[PDB]
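See structure below.
This chain uses plain numbering: 1 for the first residue, then up along the sequence. The figures that follow rest on heavy atoms only: side chains count, while hydrogens, waters and symmetry mates do not.
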Amino acid sequence: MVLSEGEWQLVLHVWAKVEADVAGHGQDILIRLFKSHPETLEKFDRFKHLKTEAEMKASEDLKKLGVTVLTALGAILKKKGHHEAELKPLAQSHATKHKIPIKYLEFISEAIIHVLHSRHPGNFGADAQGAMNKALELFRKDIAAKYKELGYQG
Ligand code: HEM
C-alpha cells in the first residue's frame with residue numbers, strides 16, 4: 001500500500017502530540033493491551049507476574065519498555081513508508097527471540113488507536129484515525145513479509 005502525503009500529515013500531526021509525553025502514552029497503551037488481551041502479557045518474561053493495573057502502573061520497567069516501543073514506532077512512522085532499514089532488526093528480534101505473532105501486532109495497533117482516541121479527540125477525528133490505521137496496517141504488512149523471509153510468518 002501507499003499512503004498519500006496528506007494521510008502522513010494527519011499521522012505525524014497526532015504523533016507530535018504523543019511525543020510531548022512519550023512515557024505516559026507508552027504506559028497507557030501497554031496497559032490497555034494487557035487488559036484487553038491478557039494473553040499478550042505472557043510474552044513478557046519480565047512482567048508476566050504483574051497482577052493488576054495498579055501494579056502495572058507502578059512498574060518502572062514497564063514504563064521504560066513503553067518508551068522503547070513508542071520511540072521505535074515513531075522512528076518508523078517518521079520515514080513515511082521508507083522504513084526498510086528500521087524494520088529489519090525489529091522483525092528479526094520479534095520473529096526469532098520474542099516470537100510475536102502478527103495477531104498480537106494487530107492487538108497493540110488497536111490499543112494505540114484506542115489511547116489516541118481518548119487522549120487527542122480533537123486531533124484524532126475519523127480522517128486522522130483512518131490514516132493512522134492505514135499507517136499501522138502498512139507497518140504490519142511489511143513486518144509480516146519480513147517474518148516470512150526470516151522463516152517465521154506468525
Ligand atoms: C508497535 C509495535 C511494536 C514495536 C514498534 C516494538 C518494539 C520493540 C523494541 C524496539 C524492543 C527492544 C529491542 C528488541 O528487542 O527488538 C521490543 C522488545 C520486546 N517486545 Fe516489542 N514492539 C512492538 C510490539 C510488541 C508486541 C505486540 C509484543 C507482545 C505482545 C512485543 C513483545 C516484546 C518483548 C517480549 C520484548 C522484550 C522486552 C524485554 O526487554 O524483556 N512487542 N519491542
Take the angle between the ring planes of [X] and [Y] and call it parallel below 30°, perpendicular above 60°, tilted in between.
| X | Y | result |
| --- | --- | --- |
| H98 | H94 | perpendicular |
| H117 | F124 | perpendicular |
| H25 | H120 | parallel |

Indicate yes or no for a side-chain donor-acceptor contact from [X] to the backbone of [Y] under 3.5 Å, with no hydrogens or angles considered.
| X | Y | answer |
| --- | --- | --- |
| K63 | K57 | no |
| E7 | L3 | no |
| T96 | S93 | no |
| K88 | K146 | no |
| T68 | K64 | yes |

Identify the heavy atoms of [X] and [Y] that sit nearest to each other, and give their distance.
| X | Y | answer |
| --- | --- | --- |
| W15 | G74 | NE1-CA, 3.5 Å |
| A95 | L150 | CB-CD1, 4.4 Å |
| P101 | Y152 | N-OH, 3.3 Å |
| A131 | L10 | CB-CB, 4.1 Å |
| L62 | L50 | CD2-CD1, 4.1 Å |
| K35 | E53 | NZ-OE1, 2.5 Å |

Rounded to the nearest 0.5 Å, what separation is found between the [atom1] atom of [X] and the [atom2] atom of [Y]?
| X | Y | atom1 | atom2 | answer |
| --- | --- | --- | --- | --- |
| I31 | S36 | CD1 | OG | 11.5 Å |
| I108 | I113 | CD1 | CD1 | 11.5 Å |
| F44 | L30 | CZ | CG | 6.0 Å |
| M56 | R32 | CE | CZ | 12.5 Å |
| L90 | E86 | CG | CD | 9.5 Å |
| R119 | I29 | CZ | CD1 | 8.5 Å |

So [Y] and [X], do their side chains get closer than 4.5 Å, heavy atoms only?
| X | Y | answer |
| --- | --- | --- |
| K43 | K48 | no |
| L138 | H83 | yes |
| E137 | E106 | no |

Assess whether side-chain contact (heavy atoms from CB on, under 4.5 Å) is satisfied between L33 and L41, documenting all intermediate values. CA-CA 8 Å; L33 170 69; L41 187 52; over 6 Å; no

Please lay out, stage by stage, how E84 and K79 fare under the test salt bridge (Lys or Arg N to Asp or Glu O under 4.0 Å). CA-CA 9 Å; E84 327 59 67; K79 283 343 253 348; 5.9 Å; no

Show, in sequence, the C-alpha distance, side-chain angles and deciding distance for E19 and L70, and conclude whether the side-chain contact (heavy atoms from CB on, under 4.5 Å) test is met. CA-CA 9 Å; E19 286 179 345; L70 286 195; over 6 Å; no

Classify the side-chain pair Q129/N133 by whether it contains a donor and acceptor separated by less than 3.5 Å.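 Short answer, no.
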
Answer yes or no: does atom CG of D127 have more than 12 heavy-atom neighbours from other residues, nucleotides or ligands under 6.0 Å?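 No, not enclosed.
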
Can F139 and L87 be said to form a side-chain contact (heavy atoms from CB on, under 4.5 Å), step by step? CA-CA 9 Å; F139 168 69; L87 240 71; 3.8 Å; yes

When you look at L105 and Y147, which way does the side-chain contact (heavy atoms from CB on, under 4.5 Å) test go after all the steps? CA-CA 12 Å; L105 302 169; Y147 275 3; 4.1 Å; yes

Honestly curious: do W8 and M1 fall in one hydrophobic cluster under the side-chain, below-4.5 Å linking rule?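 Yes.
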
